[PDB]
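Read through the structure below, which is laid out as structure tokens, and then see the notes.
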Amino acid sequence: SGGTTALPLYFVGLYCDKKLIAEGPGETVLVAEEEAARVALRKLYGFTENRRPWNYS
Amino acid sequence: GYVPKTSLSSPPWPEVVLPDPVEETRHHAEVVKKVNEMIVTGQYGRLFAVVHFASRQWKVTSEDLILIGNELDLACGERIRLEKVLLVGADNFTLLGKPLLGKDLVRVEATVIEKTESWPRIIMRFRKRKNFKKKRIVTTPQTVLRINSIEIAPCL
Amino acid sequence: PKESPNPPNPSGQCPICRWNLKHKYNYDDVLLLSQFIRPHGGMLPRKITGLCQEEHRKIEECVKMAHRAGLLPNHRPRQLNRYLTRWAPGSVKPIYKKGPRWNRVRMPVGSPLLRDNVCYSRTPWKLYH
Amino acid sequence: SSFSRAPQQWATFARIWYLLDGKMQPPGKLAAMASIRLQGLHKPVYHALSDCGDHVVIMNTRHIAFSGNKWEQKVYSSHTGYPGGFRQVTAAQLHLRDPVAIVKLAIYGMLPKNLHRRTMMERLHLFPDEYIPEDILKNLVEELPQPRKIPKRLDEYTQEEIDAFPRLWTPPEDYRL
Amino acid sequence: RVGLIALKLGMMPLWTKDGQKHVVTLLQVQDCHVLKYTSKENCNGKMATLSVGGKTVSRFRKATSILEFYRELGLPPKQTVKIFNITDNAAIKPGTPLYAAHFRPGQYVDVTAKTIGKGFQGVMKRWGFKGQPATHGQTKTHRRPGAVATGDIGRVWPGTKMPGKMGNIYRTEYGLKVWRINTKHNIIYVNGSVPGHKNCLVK
Amino acid sequence: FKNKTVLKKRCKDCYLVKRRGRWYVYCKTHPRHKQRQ
Amino acid sequence: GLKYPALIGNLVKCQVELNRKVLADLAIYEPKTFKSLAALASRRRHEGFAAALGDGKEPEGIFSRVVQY
Amino acid sequence: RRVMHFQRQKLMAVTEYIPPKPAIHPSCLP
RNA sequence: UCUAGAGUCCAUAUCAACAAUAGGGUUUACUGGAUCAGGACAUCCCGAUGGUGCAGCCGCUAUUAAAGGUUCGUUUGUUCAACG
RNA sequence: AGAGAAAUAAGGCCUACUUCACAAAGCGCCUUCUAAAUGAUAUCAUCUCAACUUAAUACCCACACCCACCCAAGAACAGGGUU
Ligand SMILES: [Mg+2]
Ligand SMILES: [Mg+2]
Ligand SMILES: [Zn+2]
Ligand SMILES: [Zn+2]
């Protein structure tokens, strides 16, 4: 959204043989790709935002 | 009866006819079993619950804080369980009570970390020309409940 | 051409009732209207088309409002898009004084001869904006 | 969704360019939709002090249709400030004079009456005909549906749906039709 | 077709075979060169335009941008540049000169210039206001405006006639006829009077 | 045209009509009794 | 595709006492849960329309069955 | 033809005569 | 608004009596002028149109029209009126 | 449908007259752009709150200076000129 303006939004999605493995936002396409890499790394390393919270009990 | 097509014969909404209940009950049982088998194997992550408390409905999740404006006659750091869970949800499934969830299906634990008195609040009344001016200072007490765990069990 | 051989309830004087329409057609129902009018935009005489007075007049106003929205292009006697126009476009004076709230002058919309169409929203539809 | 802080914040509050056709649409309905979208009242994350308004691009603004005889009755009024400069102009006249102004005034009326209004109006783009600049076409995201369903005239009814409808009455044969 | 930038010299009479008198104004065309061209849709629809300059000026008393423009154009800086709206086929290459013979007698011509500046003026020298009478006791009110505005409105309308600066604004005289042209000194003899003072450039 | 609040025709060759949004009473022979609402 | 009268006036008919603060929080911070709640509301709305359209007290909708205290 | 107190107005409006709808419309049936 | 009464015949070419439907005031007894003017139209002129009993300019009434204009003097000052 | 002449109003000028005299002015001069045709509801007819067809350009317009002097520009500041 907003390709030409000064406040764009690009949602870049990595793929692995026709299957998604991440999706990232950004303002530049480069930054969106970087963030897609970061989210994919988090998903593969099991450190997502909604991981099973540590069990203190 | 028959009426030739016009702009008002039928209303402008679609004729939505619901599925036959005999098959719908089977479908509901199947999806319920699917969600249950998700719960049994640990196929979920962080959880969130809509807990009903002092009079309010708090949307909470593990490790978060809540501030109740009424003293709860509990020592500092005494674990408690919050009944009255209205909705508990994970990434892929969420369970809705009618209106509460059973005591067995959901278990929400909280702890009392701080009891204090809120910041001073002012109550001032004034009316013009009648010499009516009065000022009061109120400090309602309050307590901070940390939520320690939302655990779920495969009882569906 | 003549009557289709499947009348929903025969024994009816108004052909608008013989098919259960009497409170059921709007201006844009061009298919219904386009068979009561001559090949030059004008309504057929009642003594032939056989409608009752209260349906003849409703069809008349419907066909007027249909013409004024350009829904019958091939029925002429040989800039501005409008619909639901009751008055002829060239005989209306502007509202230079739209009075206060309690004596507002409001612009007519649609015709009041269709006051009794089957409503489908709780708020009845306005004949004057 | 495990986005970092800054990317998440940017994703949630970003601005979206909504096209909205206007052919044979009334100014008020387009105005209602444009008001909702410009204000930010279609975002679950809305607030007045968050500046969540989006962009709207209404084209074919020359072709709108006013209900009833409004063309000959709806009078827009202006006053220069100088004595005698009170001008009252009907809708047809102001449409010929500026083919965008009717929709712009509708949207201006509906929007809220605060300082933000002008800013929101800087995000309304009105183009009289089908043509739109490239720098704006390359920004659109969605295409909101038209709020009035264009009734279709006899010229575009196929014979299938013409003979499907019955023939409600019988003419005499001696008659000359 | 493009017009000229002349300089107002003065006035003289000139009679006619029918026996009447007709004052005229002398306009000397000095160094009138077409300076610039802007295309039909470069002005976004109106017309094509020419920029014509007049009355060569020093070069040590101008801004750097204007000197750059004229250097690339190969001319010495003019005093006034004015923009004429012409059709496409009336185009003239920048750098060409224009000469008093551009016009011919028997036509009519319009002249625009900056009027003479009276300075700050009161209301009767500026708008022809019948001031208040003299003696009969009109103390401290002789040349004063009367009531500025009515009483129920608590404001003075915009566009009320009041004291202030006069003249020194551009204005146009229409319909002036051309009687004589002096093609050796480049003078135009335009009927009637023309705004401005002497030695000031008119369009 | 004589403005009147109730349009009454006079002879047998005049006719009521609606023109420009108002009721008139025109006449061909004996034009002396045109009317306007 | 569901107005606000429908959502609230047909969540209560499903005996869900979620208030409005938490409904807003769900809409912002848990989109799919809110998607489910909207689906439930539309389901109950359709059940109501189908029931009222019928003749008599034909079996109630699968979601329209009240639970008593 | 003076104005009425508002509550008397509401009372006049609510108690307004409502006529019994005819079983069939005379135009399309005797 | 009923024309009903008239008008050399005839209500509608004119007054149009009473009444009715409309908009508007009536305080005494037992504030102008100069200066600048803003505005409405219920129009005096100029503009457009209908009928006429104007057979024609002008007259008469009727519709429309508020962009522009709407004089100078003698006598006198509840502020008007008369007169050239 | 044109052609002259005058006044007024707006705008401007100083060649002549006039008051005056490096100029400002007027008493002077110049410019001013509801009758028809077809025709239905009501087959004739009917001007149609029926469809349908007829009865202002001009003006302004140069991103980047300012000590000093002059000025037809000016209260100060601004503006024009200094080849
Ligand atoms: Mg004195
Ligand atoms: Mg003098
Ligand atoms: Zn007659
Ligand atoms: Zn009928």
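Near C:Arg68, within a Cβ-to-Cβ distance under 11 Å, what is the net charge of the other residues, with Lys and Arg +1 and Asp and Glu -1? Display every interim value, and only then the final one.
Details: positive: C:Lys64, C:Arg82, C:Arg86; negative: C:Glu61.
Here the charged neighbours net out to +2.
Please tell me which of these pairs span more than 30 angstrom C-alpha to C-alpha: B:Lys59/B:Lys103; A:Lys43/G:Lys13; C:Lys58/C:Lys97; C:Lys22/C:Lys98? Write down the numbers at each step before the final one.
Working: B:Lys59/B:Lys103 18 Å; A:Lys43/G:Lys13 40 Å; C:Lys58/C:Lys97 32 Å; C:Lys22/C:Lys98 36 Å.
The pairs that break the limit, which is 30 Å between Cα atoms, are A:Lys43/G:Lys13; C:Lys58/C:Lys97; C:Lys22/C:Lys98.
Per 5 Å bin, what percent of the C-alpha pairs of the range A:1-50 does each bin hold, from zero upward? With a bin width of 5 Å, the distribution comes to 5, 23, 23, 22, 14, 8, 4, 0. Mean sequence separation of contacting Cα pairs (under 8 Å, at least six apart), scaled by the length of the range E:52-95, corresponds to a relative contact order of 49 percent.
Per-residue shielding of C:11-23, expressed as the average number of other chain Cβ atoms within 10 Å of the residue Cβ, stands at 4. Built from the Cα atoms of chain C, the convex hull projects on average onto 11.1 nm², one quarter of its surface area.
Look at where the Cα atoms of the range G:18-44 and of chain F average out, and the two centres are 69 Å apart.
Both radii were evaluated on the Cα set of chain G; the Rg over Rh quotient, with Rh as the Kirkwood radius, amounts to 1.02.
Could you sort the peptides D:12-25, E:81-94 by per-residue average Cβ neighbour count (10 Å cutoff), highest mean leading? Write out the running numbers ahead of the final one.
Working: D:12-25: 19.0, E:81-94: 13.5.
Ranked from most to least packed, the peptides come out as D:12-25, E:81-94.
Report the chymotrypsin sites (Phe, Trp or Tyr not before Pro) located in the range D:41-149 that are in a DSSP loop and have at most 12 other Cβ atoms inside 10 Å of their Cβ, or state none. Provide the component values of the computation, followed by the final result.
On the way: sites: D:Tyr46, D:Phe66, D:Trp71, D:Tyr76, D:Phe86, D:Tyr108, D:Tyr131; in loops: D:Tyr46, D:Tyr131.
The qualifying sites are D:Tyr131.
Tell me, what is the percent relative contact order of the range E:1-99, built from C-alpha pairs under 8 Å that lie six or more residues apart? The partial results should precede the final answer.
On the way: 191 pairs, mean separation 31.0, N = 99.
Contact order relative to length: 31 percent.
Shown for chain B is the translational diffusion coefficient from the Stokes-Einstein equation, using the Kirkwood radius over Cα pairs, a temperature of 20 °C and a viscosity of 1.002 mPa s: 105 µm²/s. Between 0 and 90 degrees, the angle of helix E:64-73 with respect to the longest Cα principal axis of chain E falls at about 40 degrees. When peptides B:22-29, H:18-25 are sorted by average Cβ neighbour count within 10 Å, with the highest value leading, the order is B:22-29, H:18-25. Remark: mean inter-chain Cβ contacts per residue of B:81-93 equal 2, using a 10 Å Cβ-Cβ cutoff to other protein chain atoms. Qualifying chymotrypsin sites (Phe, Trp or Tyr not before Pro) in chain A, where qualification requires a DSSP coil assignment and no more than 14 other C-beta atoms within 10 Å, comprise A:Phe47, A:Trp54, A:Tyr56. Measuring max minus min along each principal axis, the C-alpha atoms of the protein assembly as shown give extents of 121, 90, 80 Å (largest first).
Find how many whole Å separate the alpha carbon centroid of the range E:139-156 from the alpha carbon centroid of chain A. Using only Cα atoms to place each centre, the spacing works out to 73 Å. Counting only alpha carbon atoms, the long axis of helix B:21-40 and the longest principal axis of chain B meet at about 50°. Spatially, the range B:39-118 and the range E:40-61 are offset by 78 Å when compared through their Cα centroids. Overall dimensions of the range D:17-82, expressed as equivalent-ellipsoid semi-axes from the Cα gyration tensor (√(5λ), whole Å, largest first), are 27, 18, 11.
Mean sequence separation of contacting Cα pairs (under 8 Å, at least six apart), scaled by the length of the range D:1-103, corresponds to a relative contact order of 27 percent.
Among the trypsin sites (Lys or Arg not before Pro) within chain H, which fall in a DSSP loop and have no more than 14 other Cβ atoms within 10 Å of their own Cβ? Intermediate values should be presented prior to the final figure.
On the way: sites: H:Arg1, H:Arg2, H:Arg8, H:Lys10; in loops: H:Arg1, H:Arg2.
For trypsin sites (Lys or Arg not before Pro) across chain H that sit outside H, G, I, E and B with at most 14 neighbouring Cβ atoms in 10 Å, the list reads H:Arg1, H:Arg2.
Rounded if a/c is under 1.5, else prolate if a/b beats b/c, else oblate: with a ≥ b ≥ c from the C-alpha gyration tensor eigenvalues square-rooted, which is the range D:67-159? Oblate shape, in that a/c is at least 1.5 and b/c is the bigger or equal ratio.
Express the C-alpha Rg of chain D as a ratio against the empirical globular expectation 2.2 N^0.38 Å, rounded to two decimals.
Numbers: Rg = 22.4 Å, N = 177, 2.2 N^0.38 = 15.7 Å.
Working it through for chain D, the quotient is 1.42.
What does the charge dipole of the range B:53-106 about its Cα centre add up to, to the nearest 20 debye, if the Cβ of each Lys and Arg holds +1 and the Cβ of each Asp and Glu holds -1? Please list the in-between numbers first.
Numbers: 7 positive and 8 negative charges, 55 e Å.
Using only the charged Cβ atoms, the result is roughly 260 debye.
Which residues make up the longest stretch of chain G that has no trypsin sites (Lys or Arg not before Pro) in a DSSP loop with at most 12 other Cβ atoms within 10 Å?
Counting only loop sites that pass the neighbour cut-off, the longest clear stretch is G:4-56.
Multiplying the residue separation of E:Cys200 and E:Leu14 by 0.36 nm and removing their Cα-Cα distance gives an extension gain of 64.7 nm. Taking every residue in D:7-16 and counting other chain Cβ atoms within 10 Å of its Cβ, the average works out to 6. Between D:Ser4 and G:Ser42, the modelled label-to-label distance comes to 3.8 nm, taking each label 7 Å out from Cα in the direction of the beta carbon.
Taking a straight Cα-Cα cut-off under 29 Å and skipping sequence neighbours fewer than 8 places away in the same chain, the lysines within cross-link reach of E:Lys125 are E:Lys8, E:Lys114, E:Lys140, E:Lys161, E:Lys165, E:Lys198, E:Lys203. Note on chain D: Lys pairs 8 or more places apart or on different chains, Cα atoms under 25 Å apart, count 25.
Restricting things to alpha carbons, find the Rg to Rh ratio for the range E:1-159 using the Kirkwood radius for Rh. Provide the component values of the computation, followed by the final result.
Working: Rg = 24.0 Å, Rh = 20.8 Å.
Here the Rg-to-Rh quotient is 1.16.
Taking neighbour counts of Cβ atoms within 10 Å as a proxy for exposure, in what order, fewest first, do C:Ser111, A:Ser57, G:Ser64, E:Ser39 appear? Walk me through the numbers before you get to the answer.
Values: C:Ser111 20, A:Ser57 7, G:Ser64 16, E:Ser39 11.
Fewest-to-most ranking of C:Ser111, A:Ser57, G:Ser64, E:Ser39: A:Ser57, E:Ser39, G:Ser64, C:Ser111.
Seen from B:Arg107, the other residues with C-beta closer than 9 Å to its C-beta sum to a net charge of -1, counting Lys and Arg as +1 and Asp and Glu as -1. Ordering E:101-110, B:62-71 by mean Cβ neighbour count within 10 Å, with the highest value first, yields B:62-71, E:101-110.
Just so you know, all these numbers are worked out from the coordinates, no wet-lab data involved. Every residue, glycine as well, gets a Cβ built from its backbone with ideal geometry; the counts of neighbours run over all protein chains shown.
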